[PDB]
>>> print(open('entry32.cif').read())   # mmCIF, C-alpha atoms
data_coords
#
loop_
_atom_site.group_PDB
_atom_site.id
_atom_site.type_symbol
_atom_site.label_atom_id
_atom_site.label_comp_id
_atom_site.auth_asym_id
_atom_site.auth_seq_id
_atom_site.Cartn_x
_atom_site.Cartn_y
_atom_site.Cartn_z
ATOM 1 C CA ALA A 106 0.000 0.000 0.000
ATOM 2 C CA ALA A 107 0.985 3.560 -0.442
ATOM 3 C CA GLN A 108 -0.343 6.507 1.532
ATOM 4 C CA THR A 109 0.443 9.691 -0.419
ATOM 5 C CA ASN A 110 1.272 12.980 1.250
ATOM 6 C CA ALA A 111 1.821 11.133 4.476
ATOM 7 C CA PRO A 112 3.431 12.762 7.508
ATOM 8 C CA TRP A 113 7.142 12.889 6.913
ATOM 9 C CA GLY A 114 7.755 10.382 9.735
ATOM 10 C CA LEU A 115 5.743 7.712 8.053
ATOM 11 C CA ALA A 116 7.374 8.297 4.719
ATOM 12 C CA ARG A 117 10.789 8.171 6.399
ATOM 13 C CA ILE A 118 10.165 4.813 8.039
ATOM 14 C CA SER A 119 9.302 3.278 4.682
ATOM 15 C CA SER A 120 12.258 4.880 2.824
ATOM 16 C CA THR A 121 16.087 4.495 2.510
ATOM 17 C CA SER A 122 16.298 8.212 1.774
ATOM 18 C CA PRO A 123 14.906 11.339 3.404
ATOM 19 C CA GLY A 124 12.664 13.836 1.534
ATOM 20 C CA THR A 125 9.866 11.528 0.283
ATOM 21 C CA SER A 126 6.180 12.038 1.137
ATOM 22 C CA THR A 127 4.656 8.645 0.542
ATOM 23 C CA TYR A 128 4.350 5.924 3.232
ATOM 24 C CA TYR A 129 4.634 2.374 1.873
ATOM 25 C CA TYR A 130 3.634 -0.572 3.910
ATOM 26 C CA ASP A 131 2.121 -4.019 3.631
ATOM 27 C CA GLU A 132 -1.715 -3.808 3.832
ATOM 28 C CA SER A 133 -1.767 -6.247 6.796
ATOM 29 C CA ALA A 134 -0.846 -3.024 8.628
ATOM 30 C CA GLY A 135 -0.541 -4.497 12.106
ATOM 31 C CA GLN A 136 -3.967 -6.252 12.040
ATOM 32 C CA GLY A 137 -4.141 -8.657 14.998
ATOM 33 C CA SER A 138 -1.454 -6.909 17.051
ATOM 34 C CA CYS A 139 -2.122 -4.653 20.041
ATOM 35 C CA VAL A 140 -0.342 -1.575 21.121
ATOM 36 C CA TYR A 141 -0.595 -0.256 24.604
ATOM 37 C CA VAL A 142 0.004 3.425 24.739
ATOM 38 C CA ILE A 143 1.054 4.211 28.275
ATOM 39 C CA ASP A 144 0.669 7.961 28.414
ATOM 40 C CA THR A 145 -2.081 10.536 29.156
ATOM 41 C CA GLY A 146 -4.861 8.357 27.650
ATOM 42 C CA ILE A 147 -6.516 8.240 24.213
ATOM 43 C CA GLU A 148 -9.492 10.019 22.794
ATOM 44 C CA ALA A 149 -10.886 6.783 21.509
ATOM 45 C CA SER A 150 -13.671 8.594 19.761
ATOM 46 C CA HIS A 151 -11.282 10.326 17.256
ATOM 47 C CA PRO A 152 -12.400 9.300 13.751
ATOM 48 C CA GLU A 153 -8.772 8.564 12.922
ATOM 49 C CA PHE A 154 -8.937 5.522 15.227
ATOM 50 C CA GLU A 155 -11.900 3.960 13.482
ATOM 51 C CA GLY A 156 -13.113 2.171 16.648
ATOM 52 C CA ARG A 157 -9.738 0.408 17.088
ATOM 53 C CA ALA A 158 -8.824 2.521 20.151
ATOM 54 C CA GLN A 159 -10.127 2.198 23.640
ATOM 55 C CA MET A 160 -9.122 3.175 27.118
ATOM 56 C CA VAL A 161 -8.455 0.139 29.269
ATOM 57 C CA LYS A 162 -7.101 1.676 32.437
ATOM 58 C CA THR A 163 -6.708 4.977 34.156
ATOM 59 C CA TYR A 164 -5.295 5.881 37.563
ATOM 60 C CA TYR A 165 -7.119 9.175 37.717
ATOM 61 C CA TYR A 166 -10.734 10.275 37.945
ATOM 62 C CA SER A 167 -11.107 10.053 34.170
ATOM 63 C CA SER A 168 -9.920 7.915 31.273
ATOM 64 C CA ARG A 169 -10.296 10.958 29.069
ATOM 65 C CA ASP A 170 -7.123 12.290 27.543
ATOM 66 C CA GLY A 171 -7.274 15.881 28.636
ATOM 67 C CA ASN A 172 -3.696 16.488 27.567
ATOM 68 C CA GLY A 173 -3.570 15.256 23.968
ATOM 69 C CA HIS A 174 -0.163 13.672 24.021
ATOM 70 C CA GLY A 175 -1.323 10.102 24.516
ATOM 71 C CA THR A 176 -3.800 10.668 21.785
ATOM 72 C CA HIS A 177 -1.067 12.067 19.598
ATOM 73 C CA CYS A 178 1.148 9.136 20.231
ATOM 74 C CA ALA A 179 -1.740 6.650 19.756
ATOM 75 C CA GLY A 180 -2.319 8.256 16.382
ATOM 76 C CA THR A 181 1.307 7.833 15.391
ATOM 77 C CA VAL A 182 1.081 4.181 16.310
ATOM 78 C CA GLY A 183 -2.093 3.378 14.528
ATOM 79 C CA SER A 184 -4.357 6.114 13.303
ATOM 80 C CA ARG A 185 -5.537 5.538 9.804
ATOM 81 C CA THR A 186 -3.854 8.709 8.513
ATOM 82 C CA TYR A 187 -0.959 9.387 10.869
ATOM 83 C CA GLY A 188 -0.237 5.877 12.081
ATOM 84 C CA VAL A 189 2.385 3.372 11.294
ATOM 85 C CA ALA A 190 0.151 0.394 11.924
ATOM 86 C CA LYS A 191 -3.206 1.396 10.523
ATOM 87 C CA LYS A 192 -5.077 -1.765 11.630
ATOM 88 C CA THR A 193 -3.537 -2.348 15.050
ATOM 89 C CA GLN A 194 -5.610 -2.356 18.234
ATOM 90 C CA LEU A 195 -4.694 0.555 20.495
ATOM 91 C CA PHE A 196 -5.081 0.255 24.287
ATOM 92 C CA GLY A 197 -4.775 3.341 26.372
ATOM 93 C CA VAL A 198 -3.248 3.219 29.801
ATOM 94 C CA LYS A 199 -3.492 6.640 31.362
ATOM 95 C CA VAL A 200 -0.630 6.812 33.840
ATOM 96 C CA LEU A 201 -0.145 10.502 33.381
ATOM 97 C CA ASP A 202 -2.465 13.231 34.537
ATOM 98 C CA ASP A 203 -3.749 15.823 32.117
ATOM 99 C CA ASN A 204 -0.665 18.090 32.913
ATOM 100 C CA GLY A 205 1.507 15.251 31.583
ATOM 101 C CA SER A 206 2.790 14.356 35.064
ATOM 102 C CA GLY A 207 2.551 11.040 36.926
ATOM 103 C CA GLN A 208 4.209 9.515 39.953
ATOM 104 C CA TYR A 209 6.673 6.669 39.281
ATOM 105 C CA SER A 210 4.536 4.298 41.372
ATOM 106 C CA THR A 211 1.606 5.001 39.068
ATOM 107 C CA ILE A 212 3.737 4.515 35.975
ATOM 108 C CA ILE A 213 5.066 1.267 37.411
ATOM 109 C CA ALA A 214 1.536 0.130 38.155
ATOM 110 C CA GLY A 215 0.624 0.875 34.535
ATOM 111 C CA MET A 216 3.450 -1.145 33.182
ATOM 112 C CA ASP A 217 2.518 -4.125 35.341
ATOM 113 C CA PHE A 218 -1.118 -3.625 34.309
ATOM 114 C CA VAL A 219 -0.107 -4.105 30.707
ATOM 115 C CA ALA A 220 1.853 -7.212 31.473
ATOM 116 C CA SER A 221 -1.342 -8.795 32.886
ATOM 117 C CA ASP A 222 -3.911 -6.989 30.795
ATOM 118 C CA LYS A 223 -2.516 -8.417 27.583
ATOM 119 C CA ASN A 224 -3.850 -11.782 28.738
ATOM 120 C CA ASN A 225 -7.290 -10.221 28.582
ATOM 121 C CA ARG A 226 -6.739 -9.048 24.987
ATOM 122 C CA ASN A 227 -6.692 -10.733 21.645
ATOM 123 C CA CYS A 228 -3.301 -9.972 20.142
ATOM 124 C CA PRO A 229 -2.492 -13.155 18.275
ATOM 125 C CA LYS A 230 0.319 -11.305 16.436
ATOM 126 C CA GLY A 231 1.798 -9.766 19.506
ATOM 127 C CA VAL A 232 1.708 -6.960 21.908
ATOM 128 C CA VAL A 233 3.608 -3.715 22.015
ATOM 129 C CA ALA A 234 3.824 -0.995 24.636
ATOM 130 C CA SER A 235 4.767 2.538 23.699
ATOM 131 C CA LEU A 236 5.966 4.461 26.762
ATOM 132 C CA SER A 237 6.241 8.011 25.588
ATOM 133 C CA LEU A 238 7.452 9.262 28.954
ATOM 134 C CA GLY A 239 10.467 9.377 31.140
ATOM 135 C CA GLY A 240 11.950 11.012 34.168
ATOM 136 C CA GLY A 241 15.249 10.693 35.984
ATOM 137 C CA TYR A 242 16.820 7.369 36.718
ATOM 138 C CA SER A 243 14.890 4.916 38.878
ATOM 139 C CA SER A 244 15.658 1.269 39.177
ATOM 140 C CA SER A 245 12.016 0.561 40.101
ATOM 141 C CA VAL A 246 10.844 2.179 36.837
ATOM 142 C CA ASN A 247 13.590 0.406 34.874
ATOM 143 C CA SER A 248 12.737 -2.937 36.333
ATOM 144 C CA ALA A 249 9.021 -2.409 35.623
ATOM 145 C CA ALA A 250 9.837 -1.772 31.976
ATOM 146 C CA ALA A 251 12.029 -4.877 32.041
ATOM 147 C CA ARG A 252 9.227 -7.001 33.510
ATOM 148 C CA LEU A 253 6.890 -5.732 30.875
ATOM 149 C CA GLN A 254 9.412 -6.706 28.257
ATOM 150 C CA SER A 255 10.062 -10.105 29.878
ATOM 151 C CA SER A 256 6.290 -10.781 29.761
ATOM 152 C CA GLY A 257 6.429 -10.769 25.914
ATOM 153 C CA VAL A 258 5.471 -7.184 25.286
ATOM 154 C CA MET A 259 7.728 -5.293 22.951
ATOM 155 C CA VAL A 260 8.485 -2.191 24.948
ATOM 156 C CA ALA A 261 9.451 0.989 23.130
ATOM 157 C CA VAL A 262 10.569 3.870 25.267
ATOM 158 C CA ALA A 263 11.522 7.450 24.653
ATOM 159 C CA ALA A 264 15.191 8.220 25.081
ATOM 160 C CA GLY A 265 14.222 11.553 26.604
ATOM 161 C CA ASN A 266 14.427 15.113 25.374
ATOM 162 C CA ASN A 267 17.262 16.359 27.525
ATOM 163 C CA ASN A 268 20.060 16.260 24.878
ATOM 164 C CA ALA A 269 21.891 14.086 27.392
ATOM 165 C CA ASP A 270 23.141 10.600 27.693
ATOM 166 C CA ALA A 271 19.991 8.545 28.221
ATOM 167 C CA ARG A 272 21.793 6.387 30.894
ATOM 168 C CA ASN A 273 20.403 8.865 33.443
ATOM 169 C CA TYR A 274 16.754 8.593 32.537
ATOM 170 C CA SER A 275 14.211 5.883 33.136
ATOM 171 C CA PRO A 276 12.840 3.811 31.543
ATOM 172 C CA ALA A 277 15.176 5.004 28.744
ATOM 173 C CA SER A 278 18.152 3.307 30.492
ATOM 174 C CA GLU A 279 16.660 -0.139 30.929
ATOM 175 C CA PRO A 280 18.802 -2.286 28.577
ATOM 176 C CA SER A 281 16.167 -4.933 27.906
ATOM 177 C CA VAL A 282 13.697 -2.470 26.251
ATOM 178 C CA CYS A 283 13.875 -0.505 22.928
ATOM 179 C CA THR A 284 15.117 2.991 23.677
ATOM 180 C CA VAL A 285 14.190 5.391 20.910
ATOM 181 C CA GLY A 286 15.996 8.561 19.897
ATOM 182 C CA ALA A 287 14.394 11.252 17.771
ATOM 183 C CA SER A 288 15.437 12.338 14.350
ATOM 184 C CA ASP A 289 14.216 15.215 12.188
ATOM 185 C CA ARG A 290 13.247 15.235 8.524
ATOM 186 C CA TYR A 291 16.732 16.207 7.235
ATOM 187 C CA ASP A 292 17.976 13.035 8.908
ATOM 188 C CA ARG A 293 19.617 14.741 11.858
ATOM 189 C CA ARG A 294 19.401 13.745 15.444
ATOM 190 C CA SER A 295 16.775 16.089 16.814
ATOM 191 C CA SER A 296 18.548 18.751 18.858
ATOM 192 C CA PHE A 297 16.616 17.706 21.935
ATOM 193 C CA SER A 298 17.108 13.948 21.600
ATOM 194 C CA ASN A 299 18.955 12.065 24.277
ATOM 195 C CA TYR A 300 21.673 9.783 23.072
ATOM 196 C CA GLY A 301 24.197 7.275 24.431
ATOM 197 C CA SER A 302 24.989 3.618 24.353
ATOM 198 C CA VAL A 303 21.579 2.667 25.697
ATOM 199 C CA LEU A 304 19.792 3.965 22.542
ATOM 200 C CA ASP A 305 18.692 1.183 20.232
ATOM 201 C CA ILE A 306 17.077 3.045 17.371
ATOM 202 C CA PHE A 307 16.012 6.423 16.072
ATOM 203 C CA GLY A 308 12.602 7.270 14.795
ATOM 204 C CA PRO A 309 11.022 10.451 13.458
ATOM 205 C CA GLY A 310 10.734 12.858 16.333
ATOM 206 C CA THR A 311 10.710 16.429 15.013
ATOM 207 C CA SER A 312 7.398 17.971 13.904
ATOM 208 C CA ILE A 313 5.264 14.871 13.980
ATOM 209 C CA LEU A 314 1.807 15.370 12.707
ATOM 210 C CA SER A 315 -0.732 13.175 14.505
ATOM 211 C CA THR A 316 -4.120 13.082 16.164
ATOM 212 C CA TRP A 317 -4.996 15.374 18.978
ATOM 213 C CA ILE A 318 -7.884 15.804 21.445
ATOM 214 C CA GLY A 319 -11.114 17.397 20.219
ATOM 215 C CA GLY A 320 -11.038 15.305 17.028
ATOM 216 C CA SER A 321 -8.199 17.534 15.817
ATOM 217 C CA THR A 322 -4.583 17.106 14.736
ATOM 218 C CA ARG A 323 -1.278 18.764 15.511
ATOM 219 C CA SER A 324 2.419 18.523 14.897
ATOM 220 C CA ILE A 325 4.734 18.344 17.842
ATOM 221 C CA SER A 326 8.257 17.312 18.590
ATOM 222 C CA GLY A 327 9.860 14.869 20.971
ATOM 223 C CA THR A 328 11.531 11.499 21.432
ATOM 224 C CA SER A 329 8.176 10.678 22.905
ATOM 225 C CA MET A 330 6.812 11.154 19.348
ATOM 226 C CA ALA A 331 9.586 8.975 17.945
ATOM 227 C CA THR A 332 8.712 6.087 20.230
ATOM 228 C CA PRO A 333 5.224 5.399 18.826
ATOM 229 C CA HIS A 334 6.765 5.153 15.340
ATOM 230 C CA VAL A 335 8.944 2.326 16.580
ATOM 231 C CA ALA A 336 6.090 0.815 18.521
ATOM 232 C CA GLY A 337 3.827 0.995 15.490
ATOM 233 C CA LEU A 338 6.637 -0.401 13.481
ATOM 234 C CA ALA A 339 7.031 -3.375 15.875
ATOM 235 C CA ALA A 340 3.331 -4.001 15.722
ATOM 236 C CA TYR A 341 3.518 -3.897 11.964
ATOM 237 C CA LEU A 342 6.512 -6.237 11.893
ATOM 238 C CA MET A 343 5.004 -8.718 14.313
ATOM 239 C CA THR A 344 1.833 -8.932 12.288
ATOM 240 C CA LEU A 345 3.989 -9.776 9.238
ATOM 241 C CA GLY A 346 5.616 -12.534 11.336
ATOM 242 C CA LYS A 347 9.078 -10.980 10.844
ATOM 243 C CA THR A 348 9.653 -11.008 14.572
ATOM 244 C CA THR A 349 8.246 -11.560 18.064
ATOM 245 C CA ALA A 350 8.168 -9.143 21.006
ATOM 246 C CA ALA A 351 11.376 -10.396 22.553
ATOM 247 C CA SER A 352 13.387 -9.916 19.328
ATOM 248 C CA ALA A 353 11.575 -6.991 17.744
ATOM 249 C CA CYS A 354 14.016 -4.367 18.935
ATOM 250 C CA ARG A 355 16.960 -6.376 17.651
ATOM 251 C CA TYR A 356 15.131 -7.014 14.417
ATOM 252 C CA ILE A 357 14.268 -3.301 13.919
ATOM 253 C CA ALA A 358 17.902 -2.438 14.665
ATOM 254 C CA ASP A 359 19.141 -5.145 12.297
ATOM 255 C CA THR A 360 16.886 -3.807 9.502
ATOM 256 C CA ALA A 361 17.323 -0.112 10.218
ATOM 257 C CA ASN A 362 18.743 2.383 7.802
ATOM 258 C CA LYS A 363 22.344 2.633 9.021
ATOM 259 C CA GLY A 364 24.683 5.602 8.913
ATOM 260 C CA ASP A 365 22.060 8.018 7.658
ATOM 261 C CA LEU A 366 21.780 10.325 10.635
ATOM 262 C CA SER A 367 24.024 13.248 11.261
ATOM 263 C CA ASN A 368 24.867 14.764 14.622
ATOM 264 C CA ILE A 369 24.887 11.336 16.221
ATOM 265 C CA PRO A 370 27.476 11.447 18.960
ATOM 266 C CA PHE A 371 30.243 8.888 18.935
ATOM 267 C CA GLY A 372 29.038 5.819 20.891
ATOM 268 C CA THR A 373 25.402 6.112 19.898
ATOM 269 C CA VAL A 374 23.960 3.840 17.215
ATOM 270 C CA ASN A 375 23.384 5.368 13.806
ATOM 271 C CA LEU A 376 20.184 3.447 13.142
ATOM 272 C CA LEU A 377 16.919 4.778 11.774
ATOM 273 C CA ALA A 378 13.750 2.681 11.941
ATOM 274 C CA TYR A 379 12.891 1.238 8.597
ATOM 275 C CA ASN A 380 10.004 -0.977 7.628
ATOM 276 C CA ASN A 381 11.924 -2.557 4.778
ATOM 277 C CA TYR A 382 8.755 -2.767 2.709
ATOM 278 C CA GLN A 383 9.307 -3.391 -1.009
ATOM 279 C CA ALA A 384 6.036 -2.601 -2.753
#
>>> encode(input="entry32.cif", output="structure tokens")
Amino acid sequence: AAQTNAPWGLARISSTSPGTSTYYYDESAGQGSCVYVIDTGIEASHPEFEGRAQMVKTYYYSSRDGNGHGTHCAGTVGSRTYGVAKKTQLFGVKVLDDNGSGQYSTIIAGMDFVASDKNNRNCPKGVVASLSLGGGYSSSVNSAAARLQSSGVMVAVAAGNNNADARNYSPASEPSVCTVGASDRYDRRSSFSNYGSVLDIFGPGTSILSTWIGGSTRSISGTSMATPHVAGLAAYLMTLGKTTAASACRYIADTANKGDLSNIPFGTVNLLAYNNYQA
């Protein structure tokens, strides 16, 4: 399939080169995979989700995404227009309040929720979690992400937007999960993107057009926006049977566009997520 005039991120993940505007992808499109978006929640009722999104868990008075960011990231994963995996099931876990903040305990709870909740969900192709969040280092947060991974969820996490070594941020610094850096459309590490040895991949992170709350759309920037590309991409790849949860990161890294990013510090991988679709 070919989505024309797609967000640049989508076109980039289906291309060897920057500067193309068409997303190419196998029409399976993540059908039968699930992605948990562990964030501020999802406006399930956005027409871009076509009934494939729902809230499954909140730790606040409401399941409603009053922030937008979880909705944005859900759209990058699997909205029909802005999504990598246009047929994936999206499950919202609202661990963040509507100001984007959450306690680590609550985040941890959410991660463990997913690890169990997936046994209540029909994801014959596999399950992904997209954690578009991060604070300072915490071994409890790291180990929660690791448990989630160990349970057979492909965990994608934002490197962080500190322009620092991601070693100092959690869950970015958990080795067992996929830590995602952000790139911009001229194939540069996004100025804000964390880096370091713990990064596994880069995805599109600068000026990412996706869904927003109030049935709208907007473009925003962040490694948090890169993460759902990788997550969507794992969902897409699992559906194609190219990989499982426990290998998906390694697979995505093995099939990435290599050496294409500039301003990648020495020691950080020069890998850009690539769907490797050949139409």
>>> resolve_selection(input="entry32.cif", expression="the PyMOL selection byres ((chain A and resi 179-190) around 7)", output="PyMOL selection string")
chain A and resi 112+115+134-135+142+147+153-154+175-178+191-193+195+314-316+333-334+336-338+340-341
>>> resolve_selection(input="entry32.cif", expression="the PyMOL selection byres ((chain A and resi 317-319) around 8)", output="PyMOL selection string")
chain A and resi 148+151+170-174+176-177+315-316+320-323
>>> write_last_selection(input="entry32.cif", atoms="C-alpha atoms", output="PDB file, in the frame of the given file")
ATOM      1  CA  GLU A 148      -9.492  10.019  22.794  1.00  0.00           C
ATOM      2  CA  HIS A 151     -11.282  10.326  17.256  1.00  0.00           C
ATOM      3  CA  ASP A 170      -7.123  12.290  27.543  1.00  0.00           C
ATOM      4  CA  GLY A 171      -7.274  15.881  28.636  1.00  0.00           C
ATOM      5  CA  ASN A 172      -3.696  16.488  27.567  1.00  0.00           C
ATOM      6  CA  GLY A 173      -3.570  15.256  23.968  1.00  0.00           C
ATOM      7  CA  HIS A 174      -0.163  13.672  24.021  1.00  0.00           C
ATOM      8  CA  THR A 176      -3.800  10.668  21.785  1.00  0.00           C
ATOM      9  CA  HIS A 177      -1.067  12.067  19.598  1.00  0.00           C
ATOM     10  CA  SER A 315      -0.732  13.175  14.505  1.00  0.00           C
ATOM     11  CA  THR A 316      -4.120  13.082  16.164  1.00  0.00           C
ATOM     12  CA  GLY A 320     -11.038  15.305  17.028  1.00  0.00           C
ATOM     13  CA  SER A 321      -8.199  17.534  15.817  1.00  0.00           C
ATOM     14  CA  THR A 322      -4.583  17.106  14.736  1.00  0.00           C
ATOM     15  CA  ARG A 323      -1.278  18.764  15.511  1.00  0.00           C
TER      16      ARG A 323
END
>>> atom_distance(input="entry32.cif", atom1="atom CA of residue A:285", atom2="atom CA of residue A:167")
28.9 Å
>>> atom_distance(input="entry32.cif", atom1="atom CA of residue A:201", atom2="atom CA of residue A:216")
12.2 Å
>>> resolve_selection(input="entry32.cif", expression="the PyMOL selection byres ((chain A and resi 284) around 9)", output="PyMOL selection string")
chain A and resi 260-264+271+276-280+282-283+285-286+303-307+332+354
>>> axis_aligned_box(input="entry32.cif", around="stretch 133-138 of chain A", padding_each_side="3 Å", output="JSON")
{"center_x": -2.3, "center_y": -5.8, "center_z": 11.9, "size_x": 9.6, "size_y": 11.6, "size_z": 16.3}
>>> residues_near_point(input="entry32.cif", point="(-8.8, 11.9, 37.2)", cutoff="12 Å", atoms="all atoms listed in the file", output="number ranges by chain")
A: 145-146, 162-172, 199-204, 207
>>> atom_distance(input="entry32.cif", atom1="atom CA of residue A:136", atom2="atom CA of residue A:124")
28.1 Å
>>> closest_residue(input="entry32.cif", among="A:228, A:161, A:335, A:369", to="residue A:268", atoms="all atoms listed in the file")
A:369
>>> closest_residue(input="entry32.cif", among="A:327, A:378, A:290, A:143", to="residue A:214", atoms="all atoms listed in the file")
A:143
>>> closest_residue(input="entry32.cif", among="A:374, A:330, A:149, A:384", to="residue A:236", atoms="all atoms listed in the file")
A:330
